[PDB]
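Chains as they are written, first to last, in this note's numbering: chain A, 1 to 96; chain B, 97 to 150; chain C, 151 to 240; chain D, 241 to 512; chain E, 513 to 895; chain F, 896 to 987; chain G, 988 to 1032; chain H, 1033 to 1069; chain I, 1070 to 1198. Note that beta-carbon positions come from the ideal geometry of N, C-alpha and C, so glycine has one too. Following: one structure in structure tokens, then a few remarks.
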Amino acid sequence: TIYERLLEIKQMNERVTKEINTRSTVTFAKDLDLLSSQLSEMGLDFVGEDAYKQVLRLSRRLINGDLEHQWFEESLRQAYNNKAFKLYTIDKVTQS
Amino acid sequence: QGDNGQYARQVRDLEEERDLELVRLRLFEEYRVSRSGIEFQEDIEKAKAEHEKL
Amino acid sequence: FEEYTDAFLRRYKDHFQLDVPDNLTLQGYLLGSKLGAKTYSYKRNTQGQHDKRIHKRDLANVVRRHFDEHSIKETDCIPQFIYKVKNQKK
Amino acid sequence: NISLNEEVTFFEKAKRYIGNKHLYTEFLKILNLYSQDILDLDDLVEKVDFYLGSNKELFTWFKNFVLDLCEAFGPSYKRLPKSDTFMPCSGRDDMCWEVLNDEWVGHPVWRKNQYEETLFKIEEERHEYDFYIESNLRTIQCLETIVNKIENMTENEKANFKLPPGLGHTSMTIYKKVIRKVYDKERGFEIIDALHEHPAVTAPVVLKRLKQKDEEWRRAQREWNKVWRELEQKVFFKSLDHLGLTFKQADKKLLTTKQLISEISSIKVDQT
Amino acid sequence: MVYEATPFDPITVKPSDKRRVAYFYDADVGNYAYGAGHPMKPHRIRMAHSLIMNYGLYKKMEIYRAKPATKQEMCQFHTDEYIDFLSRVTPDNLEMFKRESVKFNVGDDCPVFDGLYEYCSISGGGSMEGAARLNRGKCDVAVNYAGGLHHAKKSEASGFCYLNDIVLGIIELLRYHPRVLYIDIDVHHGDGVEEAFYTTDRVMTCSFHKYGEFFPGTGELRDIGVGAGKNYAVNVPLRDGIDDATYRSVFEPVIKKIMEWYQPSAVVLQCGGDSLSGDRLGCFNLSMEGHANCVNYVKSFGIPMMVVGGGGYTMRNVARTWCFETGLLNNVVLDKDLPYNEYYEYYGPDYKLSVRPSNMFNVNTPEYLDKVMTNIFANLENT
Amino acid sequence: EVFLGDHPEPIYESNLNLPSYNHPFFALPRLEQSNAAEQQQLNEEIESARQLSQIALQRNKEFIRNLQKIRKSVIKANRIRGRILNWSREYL
Amino acid sequence: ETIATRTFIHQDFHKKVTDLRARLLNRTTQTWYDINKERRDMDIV
Amino acid sequence: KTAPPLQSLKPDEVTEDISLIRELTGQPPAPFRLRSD
Amino acid sequence: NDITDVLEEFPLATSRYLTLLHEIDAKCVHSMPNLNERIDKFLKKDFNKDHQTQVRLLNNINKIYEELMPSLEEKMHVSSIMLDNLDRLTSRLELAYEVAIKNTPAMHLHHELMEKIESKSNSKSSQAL
Ligand SMILES: [Zn+2]
């Protein structure tokens, strides 16, 4: 289960990193400040780095208590759309 | 050749409708430009007031 | 007789060959504002133009006066009215 | 020839019923105006309605002169009873009867989280505020031209001027909704009647009041836009996560020892 | 097996082909409110129109205003008493109209709101004028986003739709065309148009809806027609969360087969916005690009087509897909940026021209798709 | 329409050729269509094509209206036959 | 928005004038051929 | 959390508007009746 | 019973007139593609580069149209005959329907007796032979 869950995101990390790199905010949305920089405040945005190398780091940060479990879902979602949905219970699966 | 009386009258009515629509558009555009201006001025007023109060 | 429409008054004027300019449409009447005077229609329908138009109230009053003035005789019109009613299908 | 007899009896009955030379000659003038292809048929009927209103038969003459018990075709549809098949449809052309179905009718054979509900509530409030503001803005747009005309028109015609139902607008009801809302929907009858009858003295006042209301409601919308923005910041993404809310329950239920034994026992039973 | 999943190809449009489109918009359409807690919201047409104005699409498209439909024109389908009551009713005098409202199925799930007749007449006039301009051959596409309310019966207003302008548009197209193919994308079954055209051959009321526990309760694979309209009622019931790739793999074969066999002269393509992810009641998971691939495929043939609006219980996604489809109709691809408009603050926190699918249980197993395609092909070969 | 005042070709903001305005706003849209002795000859051919095309369109529209009425008649007869046959079947 | 709606109004006016001119010409043709039909069908009797 | 319903004009202003229009046009003052239906 | 007769009569006249129409279409079917090609070539944007070419294309269009009017006028004539004959047939049909439906008379009773004699005469023509 762990292997397949990790593979389901490793197979599409190649295009996800390109999508993250090519992301460009529209000039006239920052004025409305609806773009919540909470992910930017905590560095949870995936820009400038590979998606897998950040998701495993965040999994480690959750497993050692560095990051709250609540923020992990959004931290992965705003960068991975919802194609990394299965691996929210990674900590409990590794514990089992 | 467009010299018909009834056709000319209908053309005149349509051109009157077009001209009233162009007038109404200009009036509404000026009104909502004024609305944007007064909203912007009120925003600046509130921002400066909050700055001084802080 | 201002409660009628523009088509009725225009056809009345055409049929009786009255020398009264066609009435200005309600929208055409409201067109004539300060800035509304700069449009093509108002600048071409106010002064020096034989195509000048006038308000609907005055034309309605003129048509009402001409209609009440125009006397009628039953013998001339009632058979004509019956023929027109029985002819409208053709 | 016989048809002329009843028509002349109708005319003499009208003469007897009206009982006035002036009224009768006005009515005949109207009939002649119809006869000269000037008056429309419907206009003629509505005009003569003033004279011949109180006589039902005479006006009628003039107007003339000028669901389980049913059989089922499958599980979905049913057959209409004959006593309902023929119902008044006066707009039908020749082909409007050929293709359209008459007797066959339809018959039906017979979970959301707490965050999509909040998002929908936010959207509902947003739509309500925006709908009110936009109706007010459209009415203000029309009354702007109306008042710009009023202020450029001589006092001699202010008293007798009347605004037709619609005020030159395409919709006959949009201008009513804003007035009803602003004037508490009860006393607005007098305001709308005065606007219909007295435009020169009502349109400026109503336009100014609507402008003030539009500014106030724009202020309120700006105030609540921040709240809606904040409440949509933290709910939009978790709304799309339908299964993630119960993902913890699913994981804790699919890995139990009893379920672990059952998923093998049932598989073995199915294989056998 | 007939269904065959394929990867989603990128959007491609022929640059050589030129298409004329006559967008229809009545500025007063978006000013009637169904109620405080009603999913129906006519504002979406106005927001979509603002988007098309801001994107610069006006420089390559034609847009007009359709005259409101007269009562007699509107009565081409519905009964005289129904339209009479619909005109006579007001939210303030229903006490004397209680029996008529009970008979006509209005008030409880579909309530009476001021301006109801104005909205109905606007939608009907849009549809009728679109059909009339289609017949005259001046415009290849007659976009009327205002109407599309296909849930209105002959004598009952069920499913928040009081008047069914699609029927009138199809009628005015049939006045000069022998066979017109009708395509549905709304999640709910198009009960009104289906019931209207269930006993005729001159139409092809193809549909793509979802079967389950709903209000319509129709749209089975069994219903195919009566009389000369037998096997002329194509239904493709589906299930929860059908994604883009499988929806395309279902749509393209069926439409290709219909155009190869039925051979219509005009298309009345419904473009309901309630078949998208994040809908209020729609259970599908189709994205906006998936919602527009069907329209692009229909357009690629090169025949006159009448695009209409319809359902859609959300505003931002519906407006976004409608403007994207309008842009695609011009052989022009719209960028992901949503240029500033009066209603800009509506468009979510992403502020991009895209609706993104959610994670829902894709109950649409391939076996069901194969079975439904085989049934549809079997009942379609008879044409 | 190409030979008359109307414009059969679609006109856009570029085609309308409206003059630029800075807040000419109400100015009329200048337009151009798709396309002694010799000019007189060209005018003669243009006028000839004009009224012959008018005649042809007149004839074709009259023919189409006639066919529409004939199809109305045929549909009427078919509906009558179908209704009476369904009534007869309903009897037994 | 102002430029867009101005162009929209101009397009609507052009369409309306074209439609009305075509309608008037068609009505003239219809009346002409109705007159010809009536003249032909009046001599038969 | 829930925005209050959008307010109408205060009665003290609707009465002023109706009285002003009635007096300027020539109508009698506002009657003390409520045409409830 | 007259409904049956008019139902028989419809297709025969309709088909005679449609065959006439097919003949008119036949005698001029070889010029429609030429006319459409000429119109499309004229409406090309890269065509106005030679005035003589415009003149010759207009001349060709004029000649084609001069040849095409006669077929159109014959089409109007045959369609008018279609319309009047179909009008008469529909008149007979809907009088027949109205009479048959108004009563869910002695003159039409007599026609049964007149036809009963013919049926009796034809039945006895086989017995007597
Ligand atoms: Zn729907």
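List, in chain order, every chain E residue whose beta-carbon is nearer than 9 Å to that of residue i.
i	result
residue 316 of chain D	729, 730, 731, 732, 734 and 735
Based on the DSSP output, what are the partners of residue i in its beta bridges?
i	result
residue 718 of chain E	E:695
residue 817 of chain E	E:653 and E:779
residue 581 of chain E	According to DSSP, residue 581 of chain E bridges with nothing at all.
residue 319 of chain D	D:344
residue 864 of chain E	E:849
residue 481 of chain D	E:871
residue 313 of chain D	D:317
residue 669 of chain E	E:664
residue 534 of chain E	E:574
residue 246 of chain C	Any answer about residue 246 of chain C is impossible in this case: the structure gives chain C only from 151 up to 240.
Should residue i be counted as a contact of ligand 1 given a C-beta to heavy atom distance under 7 Å?
i	result
residue 700 of chain E	yes
residue 703 of chain E	no
residue 1028 of chain G	no
residue 981 of chain E	Residue 981 of chain E falls outside the range modelled here, since chain E spans only 513 to 895, and no answer is possible.
residue 905 of chain E	The structure shown has nothing for residue 905 of chain E, since chain E only spans 513 to 895.
Counting only Cβ pairs nearer than 7 Å, list the residues of chain F close to residue i.
i	result
residue 994 of chain G	908 and 911
Just tell me which of the options has its CA closest to the CA of residue i.
i	options	result
residue 590 of chain E	E:848, E:564 and E:683	E:683
residue 48 of chain A	A:30, A:23, A:72 and A:61	A:23
residue 584 of chain E	D:500, D:417, D:422 and D:332	D:332
residue 80 of chain A	A:10, A:66 and A:63	A:10
residue 862 of chain E	D:322, D:510, D:473 and D:488	D:473
residue 387 of chain D	C:171, C:227, C:220 and C:186	C:186
residue 523 of chain E	E:841, E:887, E:742 and E:563	E:841
residue 803 of chain E	E:713, E:571 and E:698	E:698
residue 518 of chain D	B:103, B:123 and B:114	Chain D is shown from 241 up to 512; residue 518 of chain D falls before or after that span and cannot be answered.
residue 1086 of chain I	I:1181, I:1188, I:1187 and I:1151	I:1151
Show which residues of chain E have a CB atom less than 8 Å away from the CB atom of residue i.
i	result
residue 29 of chain A	863
residue 905 of chain F	532 and 574
Can you name the residues of chain B whose CB is closer than 9 Å to the CB of residue i?
i	result
residue 920 of chain F	118 and 122
Identify the contact partners of residue i in chain D, using a Cβ-Cβ distance below 7 Å as the criterion.
i	result
residue 959 of chain F	Result: empty, since nearest Cβ-Cβ is about 15 Å, beyond 7 Å.
residue 97 of chain A	Look at the range of chain A in this structure, 1 to 96, and you will see that residue 97 of chain A is not part of it.
What in chain C is Cβ-close to residue i, meaning under 8 Å?
i	result
residue 411 of chain D	Result: empty, since nearest Cβ-Cβ is about 15 Å, beyond 8 Å.
Taking Cβ-Cβ distances shorter than 9 Å, what residues in chain A pair up with residue i?
i	result
residue 868 of chain E	81 and 82
Starting from the beta carbon of residue i, find every residue of chain A whose beta carbon is closer than 7 Å, and list them in chain order.
i	result
residue 469 of chain D	34
residue 529 of chain E	Under the 7 Å cutoff, chain A gives no residues; its nearest Cβ is about 30 Å from residue 529 of chain E.
Anything in chain D within Cβ reach of residue i, meaning under 8 Å, just list it in chain order.
i	result
residue 540 of chain E	378, 409, 410, 411 and 414
Listing by chain order, which chain E residues have their CB less than 7 Å from the CB of residue i?
i	result
residue 85 of chain A	871
Going along chain F in order, which residues have a C-beta closer than 8 Å to the C-beta of residue i?
i	result
residue 324 of chain D	The contacting residues do not exist; residue 324 of chain D stays about 15 Å from chain F at best.
Starting from residue i, find everything on chain D with Cβ-Cβ shorter than 9 Å and list it in chain order.
i	result
residue 543 of chain E	371, 374, 375, 378, 411, 413, 414 and 417
Name the chain G residues whose beta carbon is nearer than 7 Å to that of residue i?
i	result
residue 125 of chain B	989
Using the beta-carbon of each residue, which ones in chain B are nearer than 8 Å to residue i?
i	result
residue 900 of chain F	98
What in chain F is Cβ-close to residue i, meaning under 9 Å?
i	result
residue 1131 of chain I	940, 943, 944 and 947
Selection of the segment 809-833 of chain E by Cβ proximity to chain D, strictly under 8 Å: 826 and 827
Please list, in chain order, the residues of the segment 1106-1128 of chain I that have any C-beta partner in chain F closer than 9 Å. 1111, 1112, 1114, 1116, 1117, 1120, 1123, 1124, 1127 and 1128
Against chain D, which members of the segment 1035-1052 of chain H pass a CB distance test of less than 9 Å? 1035, 1037, 1038, 1039, 1040, 1041, 1043, 1045, 1046, 1047, 1049, 1050 and 1052
Residues in the segment 623-640 of chain E having any Cβ partner in chain D nearer than 7 Å: 626, 627 and 630
Given a limit of 7 Å on CB to CB distance, which residues of the segment 1143-1154 of chain I reach chain F? 1144, 1145, 1148, 1149, 1151 and 1152
What residues from the segment 327-348 of chain D come within 9 Å of chain E, judged by C-beta to C-beta, listed N to C? 327, 328, 329, 330, 331, 332, 333, 335, 336, 338, 339, 340, 341, 342, 343, 344, 345, 346, 347 and 348
Given a limit of 8 Å on CB to CB distance, which residues of the segment 1071-1094 of chain I reach chain F? Sequence-ordered contacts of the segment 1071-1094 of chain I with chain F read 1072, 1075, 1076, 1079 and 1083 [C-beta pairs closer than 8 Å].
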